[PDB]
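Colleague: Pasting a structure here, questions to come.
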Amino acid sequence: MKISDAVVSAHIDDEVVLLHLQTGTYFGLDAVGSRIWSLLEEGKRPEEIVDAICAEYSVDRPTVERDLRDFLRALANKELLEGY
Amino acid sequence: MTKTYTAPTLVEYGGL
Ligand SMILES: [Zn+2]
Ligand SMILES: [Zn+2]
């Protein structure tokens with residue numbers, strides 16, 4: 001699993017803007033989504049991403065695992081992720 | 001280590 005090779009990232013402070021060069025679609029991510037995206041850029045696997053989120057936010061692990069699962073799936077549906 | 005959590009969101013804002 002990895003970020004698609006056709007995607008370019010724009011970092012504006014806390015948030016991230018994504019552009020897909022093939023589909024020509026662009027996206028914005030909120031604070032938590034961008035944190036996850038940064039970890040994906042660093043090549044972190046989901047388990048490591050879950051660890052990072054739980055260490056920085058006041059939240060139970062099952063909630064994080066469930067939300068991450070939904071989030072990655074949403075990314076993949078927009079072809080922002082591949083091999084997921 | 002104690003930030004307020006909200007579920008990650010992907011928002012599509014447009015296209016070429
Ligand atoms: Zn690729
Ligand atoms: Zn980045």
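Identifiers in this document derive from the order of the structure tokens: chains are assigned A, B, ..., residues are numbered from 1 separately in each chain, and ligands are numbered from 1 in order of occurrence.
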Write down, as a ChimeraX atom specification, each residue of chain A that has any atom within 7 Å of an atom of chain B, counting only C-alpha atoms.
Modeller: /A:24-30,32-33,55-59,67,71
Colleague: Can I get the selection written as a compact mmCIF listing (two decimals), in the first residue's frame, with C-alpha atoms?
Modeller:
# COMPACT_ATOMS: atom_id res chain seq x y z
CA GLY A 24 -7.37 16.10 -12.51
CA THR A 25 -9.26 16.19 -9.24
CA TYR A 26 -8.18 18.08 -6.14
CA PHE A 27 -8.91 17.68 -2.47
CA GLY A 28 -8.44 19.16 0.97
CA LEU A 29 -7.80 17.36 4.25
CA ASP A 30 -8.52 18.50 7.81
CA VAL A 32 -6.36 14.71 11.58
CA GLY A 33 -6.57 13.63 7.93
CA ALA A 55 -0.31 9.11 21.19
CA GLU A 56 -1.34 12.61 20.11
CA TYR A 57 -5.12 12.55 20.58
CA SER A 58 -7.51 11.73 23.40
CA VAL A 59 -9.27 8.76 21.86
CA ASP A 67 -12.00 5.70 11.37
CA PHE A 71 -10.43 7.13 5.69
Colleague: Let me see if you get this right: every residue at most 9 Å from ligand 2, counting only C-alpha atoms and all ligand atoms, written as a ChimeraX atom specification.
Modeller: /A:9-11,16,34,37-42
Colleague: If the limit is 10 Å from any atom of ligand 1, counting only C-alpha atoms and all ligand atoms, which residues qualify? Return them as an MDAnalysis selection string.
Modeller: chainID A and resid 1:7 79:83
Colleague: Export C-alpha atoms of the chosen residues as an mmCIF file, in the first residue's frame?
Modeller:
data_model
loop_
_atom_site.group_PDB
_atom_site.id
_atom_site.type_symbol
_atom_site.label_atom_id
_atom_site.label_comp_id
_atom_site.auth_asym_id
_atom_site.auth_seq_id
_atom_site.Cartn_x
_atom_site.Cartn_y
_atom_site.Cartn_z
ATOM 1 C CA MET A 1 0.000 0.000 0.000
ATOM 2 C CA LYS A 2 1.190 3.495 -0.873
ATOM 3 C CA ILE A 3 0.232 6.970 -2.031
ATOM 4 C CA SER A 4 -0.401 6.993 -5.797
ATOM 5 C CA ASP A 5 2.570 8.066 -7.935
ATOM 6 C CA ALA A 6 0.292 10.504 -9.775
ATOM 7 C CA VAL A 7 -0.492 12.594 -6.660
ATOM 8 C CA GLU A 79 -7.360 6.762 -6.509
ATOM 9 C CA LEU A 80 -5.210 8.810 -4.071
ATOM 10 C CA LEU A 81 -4.038 5.519 -2.600
ATOM 11 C CA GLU A 82 -2.930 2.343 -4.354
ATOM 12 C CA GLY A 83 -2.377 -1.240 -3.250
#
Colleague: How many Å separate atom CA of residue A:68 from atom CA of residue A:17?
Modeller: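 Interatomic distance, atom CA of residue A:68 to atom CA of residue A:17: 18.6 Å.
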Colleague: Please report, as an mmCIF file with N, CA, C and O atoms, in the first residue's frame, each residue of chain A to which DSSP assigns strand (DSSP E or B) when run on this structure's backbone.
Modeller:
data_model
loop_
_atom_site.group_PDB
_atom_site.id
_atom_site.type_symbol
_atom_site.label_atom_id
_atom_site.label_comp_id
_atom_site.auth_asym_id
_atom_site.auth_seq_id
_atom_site.Cartn_x
_atom_site.Cartn_y
_atom_site.Cartn_z
ATOM 1 N N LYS A 2 0.492 2.218 -0.849
ATOM 2 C CA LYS A 2 1.190 3.495 -0.873
ATOM 3 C C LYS A 2 0.369 4.584 -1.545
ATOM 4 O O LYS A 2 -0.633 4.316 -2.209
ATOM 5 N N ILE A 3 0.801 5.821 -1.345
ATOM 6 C CA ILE A 3 0.232 6.970 -2.031
ATOM 7 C C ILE A 3 0.482 6.829 -3.527
ATOM 8 O O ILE A 3 1.573 6.431 -3.932
ATOM 9 N N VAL A 7 -0.002 11.565 -7.580
ATOM 10 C CA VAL A 7 -0.492 12.594 -6.660
ATOM 11 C C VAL A 7 0.606 13.570 -6.229
ATOM 12 O O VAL A 7 1.732 13.171 -5.946
ATOM 13 N N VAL A 8 0.276 14.857 -6.223
ATOM 14 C CA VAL A 8 1.138 15.900 -5.656
ATOM 15 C C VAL A 8 0.494 16.543 -4.409
ATOM 16 O O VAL A 8 -0.710 16.802 -4.382
ATOM 17 N N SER A 9 1.290 16.710 -3.357
ATOM 18 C CA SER A 9 0.857 17.322 -2.085
ATOM 19 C C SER A 9 1.273 18.781 -1.847
ATOM 20 O O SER A 9 2.425 19.147 -2.072
ATOM 21 N N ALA A 10 0.309 19.623 -1.473
ATOM 22 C CA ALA A 10 0.582 21.016 -1.100
ATOM 23 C C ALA A 10 0.354 21.235 0.406
ATOM 24 O O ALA A 10 -0.776 21.152 0.882
ATOM 25 N N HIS A 11 1.421 21.496 1.156
ATOM 26 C CA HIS A 11 1.320 21.711 2.603
ATOM 27 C C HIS A 11 1.134 23.178 3.000
ATOM 28 O O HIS A 11 2.004 24.010 2.758
ATOM 29 N N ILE A 12 -0.044 23.496 3.524
ATOM 30 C CA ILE A 12 -0.352 24.827 4.049
ATOM 31 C C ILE A 12 -0.618 24.768 5.554
ATOM 32 O O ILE A 12 -1.739 24.487 5.970
ATOM 33 N N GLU A 15 -2.978 21.995 7.378
ATOM 34 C CA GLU A 15 -3.777 21.236 6.420
ATOM 35 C C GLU A 15 -2.979 20.867 5.167
ATOM 36 O O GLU A 15 -1.916 21.428 4.891
ATOM 37 N N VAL A 16 -3.499 19.894 4.428
ATOM 38 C CA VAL A 16 -2.890 19.433 3.187
ATOM 39 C C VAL A 16 -3.851 19.513 1.996
ATOM 40 O O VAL A 16 -5.029 19.171 2.122
ATOM 41 N N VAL A 17 -3.364 20.020 0.864
ATOM 42 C CA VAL A 17 -4.134 20.013 -0.379
ATOM 43 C C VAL A 17 -3.523 19.009 -1.363
ATOM 44 O O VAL A 17 -2.315 19.007 -1.600
ATOM 45 N N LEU A 18 -4.372 18.134 -1.897
ATOM 46 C CA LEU A 18 -3.960 17.077 -2.816
ATOM 47 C C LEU A 18 -4.446 17.292 -4.243
ATOM 48 O O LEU A 18 -5.595 17.666 -4.450
ATOM 49 N N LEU A 19 -3.571 17.074 -5.222
ATOM 50 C CA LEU A 19 -3.983 17.072 -6.628
ATOM 51 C C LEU A 19 -3.585 15.767 -7.313
ATOM 52 O O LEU A 19 -2.444 15.324 -7.215
ATOM 53 N N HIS A 20 -4.540 15.159 -8.006
ATOM 54 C CA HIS A 20 -4.284 13.949 -8.775
ATOM 55 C C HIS A 20 -4.036 14.320 -10.238
ATOM 56 O O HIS A 20 -4.927 14.826 -10.907
ATOM 57 N N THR A 25 -8.396 15.805 -10.339
ATOM 58 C CA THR A 25 -9.258 16.193 -9.237
ATOM 59 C C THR A 25 -8.400 16.655 -8.076
ATOM 60 O O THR A 25 -7.306 16.135 -7.858
ATOM 61 N N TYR A 26 -8.906 17.613 -7.310
ATOM 62 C CA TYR A 26 -8.175 18.079 -6.144
ATOM 63 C C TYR A 26 -9.005 18.069 -4.871
ATOM 64 O O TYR A 26 -10.239 18.128 -4.898
ATOM 65 N N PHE A 27 -8.294 17.967 -3.752
ATOM 66 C CA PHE A 27 -8.910 17.676 -2.466
ATOM 67 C C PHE A 27 -8.282 18.475 -1.341
ATOM 68 O O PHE A 27 -7.151 18.944 -1.459
ATOM 69 N N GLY A 28 -9.011 18.607 -0.239
ATOM 70 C CA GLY A 28 -8.439 19.165 0.967
ATOM 71 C C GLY A 28 -8.624 18.180 2.104
ATOM 72 O O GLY A 28 -9.586 17.413 2.117
ATOM 73 N N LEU A 29 -7.717 18.222 3.076
ATOM 74 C CA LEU A 29 -7.796 17.362 4.254
ATOM 75 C C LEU A 29 -7.779 18.213 5.512
ATOM 76 O O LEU A 29 -7.093 19.232 5.564
ATOM 77 N N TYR A 57 -3.716 12.198 20.370
ATOM 78 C CA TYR A 57 -5.115 12.554 20.579
ATOM 79 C C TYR A 57 -5.760 11.768 21.707
ATOM 80 O O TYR A 57 -5.372 10.638 21.992
ATOM 81 N N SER A 58 -6.747 12.385 22.350
ATOM 82 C CA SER A 58 -7.508 11.728 23.404
ATOM 83 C C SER A 58 -8.619 10.881 22.805
ATOM 84 O O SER A 58 -9.720 11.375 22.549
ATOM 85 N N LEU A 81 -4.797 6.613 -3.173
ATOM 86 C CA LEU A 81 -4.038 5.519 -2.600
ATOM 87 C C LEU A 81 -4.035 4.355 -3.573
ATOM 88 O O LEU A 81 -4.968 4.202 -4.357
ATOM 89 N N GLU A 82 -2.986 3.543 -3.529
ATOM 90 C CA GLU A 82 -2.930 2.343 -4.354
ATOM 91 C C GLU A 82 -2.389 1.165 -3.560
ATOM 92 O O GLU A 82 -1.597 1.342 -2.632
#
Colleague: Record the distance separating atom CA of residue A:43 and atom CA of residue A:21, expressed in Å with one decimal.
Modeller: 20.6 Å
Colleague: Can you check which residues of stretch 9-84 of chain A DSSP gives as alpha helix (DSSP H) on the backbone and send them as a short mmCIF file (atom, residue, chain, number, x, y, z; two decimals) with C-alpha atoms, in the first residue's frame?
Modeller:
data_model
loop_
_atom_site.label_atom_id
_atom_site.label_comp_id
_atom_site.auth_asym_id
_atom_site.auth_seq_id
_atom_site.Cartn_x
_atom_site.Cartn_y
_atom_site.Cartn_z
CA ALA A 31 -6.06 18.42 10.73
CA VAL A 32 -6.36 14.71 11.58
CA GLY A 33 -6.57 13.63 7.93
CA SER A 34 -3.45 15.61 7.09
CA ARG A 35 -1.59 14.08 10.03
CA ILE A 36 -2.49 10.67 8.64
CA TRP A 37 -1.41 11.75 5.15
CA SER A 38 1.97 12.92 6.42
CA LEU A 39 2.50 9.52 8.04
CA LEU A 40 1.56 7.83 4.75
CA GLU A 41 4.13 10.01 2.96
CA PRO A 46 -1.64 1.64 9.36
CA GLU A 47 -0.65 0.05 12.68
CA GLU A 48 2.06 2.66 13.10
CA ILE A 49 -0.37 5.37 12.00
CA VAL A 50 -2.85 4.21 14.67
CA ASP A 51 -0.10 4.33 17.31
CA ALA A 52 0.81 7.89 16.29
CA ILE A 53 -2.78 9.13 16.40
CA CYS A 54 -3.48 7.54 19.80
CA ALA A 55 -0.31 9.11 21.19
CA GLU A 56 -1.34 12.61 20.11
CA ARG A 61 -7.82 2.74 19.79
CA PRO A 62 -10.90 0.97 18.35
CA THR A 63 -12.37 4.31 17.27
CA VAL A 64 -9.08 5.22 15.59
CA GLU A 65 -8.80 1.86 13.84
CA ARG A 66 -12.37 2.11 12.58
CA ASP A 67 -12.00 5.70 11.37
CA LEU A 68 -8.63 5.05 9.74
CA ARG A 69 -10.12 2.08 7.91
CA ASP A 70 -12.87 4.33 6.53
CA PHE A 71 -10.43 7.13 5.69
CA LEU A 72 -7.97 4.98 3.69
CA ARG A 73 -10.88 3.48 1.82
CA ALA A 74 -12.12 6.95 0.95
CA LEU A 75 -8.65 7.86 -0.33
CA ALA A 76 -8.52 4.70 -2.43
CA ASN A 77 -11.95 5.43 -3.92
#
